[PDB]
């Protein structure tokens, strides 16, 4: 019901200030042992999916009697340069965990390992069995929202001393009254608490507890970086505030780290993370 502060004017750091901040972000990534990324709707706007509270966000346009515009369907949407840069950061061991508030399903489809991802608000391609909690990552969007029945049944077969489920499959999109999934929130909180660096990308941090998770890093002595075009709810607690397009920030960061942004060969689901791949040596700083 309460959609928060919508349509706040955008902030842009000057070119030289922006370049200096991305180099400082590279320094923090190089020096940190546990990096947790927190993503919101801002990292998918470059793929044609509107955010919620930006100048033309879903809530912003709705409040102003206008309609949000989609430049793609969720099925035809492709991961942005930022989505693919996060895949590479995890692959080389520069990303410990990823906390997302996005329901667009792009992190999973980009090939990001699900065991290092917390999808706090759901995934429109994911349906879950109401009984055994088995999740099904579908190639098309699940046609319901609000944890409603989809019409499909669980298909987990009989084992030794265990029979077939046939449980009701339901969407994972939380409605306003619904509580956050316990396992995702517990894993997101554990990772945030143990992080020495939390980086937020394209989130106004207005939703609780989701938006408060990066503060769990700061209270334990860790550092907080906020990357966003608009002001956020927790700007005062950030060690570094970067006001720019997340694709420009992430592309410059990847160049600084000597890392290439990997190719996306279509929707692919990766359940578990692998040991880190080789990465370029660290500068003296």
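Residue numbers count along the first chain shown, from 1.
Student: Can you tell me whether 163-171 has a higher mean C-alpha B factor than 194-202 in this record, or the other way round?
Tutor: For C-alpha atoms only, the mean B-factor is higher in 163-171.
Student: Comparing 218-226 with 36-44, which stretch shows the greater average C-alpha B-factor in the deposited entry?
Tutor: Averaged over C-alpha atoms, the B-factors run higher in 218-226.
Student: Say you rank 109, 158, 121, 114 by Cα B-factor from the PDB entry; which sits at the top?
Tutor: In the PDB entry, the greatest C-alpha B-factor among 109, 158, 121, 114 is found at 158.
Student: Just the C-alpha B-factor column, please: which of 137, 103, 185, 87 has the biggest number?
Tutor: In the PDB entry, the greatest C-alpha B-factor among 137, 103, 185, 87 is found at 185.
Student: Ordered by C-alpha B-factor within the chain, which third holds residue 64? Give me lowest, middle or highest, please.
Tutor: It belongs to the highest third of the chain when residues are ordered by C-alpha B-factor.
Student: Lowest, middle or highest third of the chain for the C-alpha temperature factor of residue 154?
Tutor: Its C-alpha B-factor belongs to the highest third of this chain's values.
Student: Comparing residue 78 with the other modelled residues of its chain, is its CA B-factor in the lowest, middle or highest third?
Tutor: Middle third by C-alpha B-factor.
Student: What third of its chain's C-alpha B-factors does residue 126 belong to: lowest, middle or highest?
Tutor: Lowest third, going by the recorded CA B-factors of the chain.
Student: Among the modelled residues of its chain, does the C-alpha B-factor of residue 207 lie in the lowest, middle or highest third?
Tutor: It falls in the top third of the chain.
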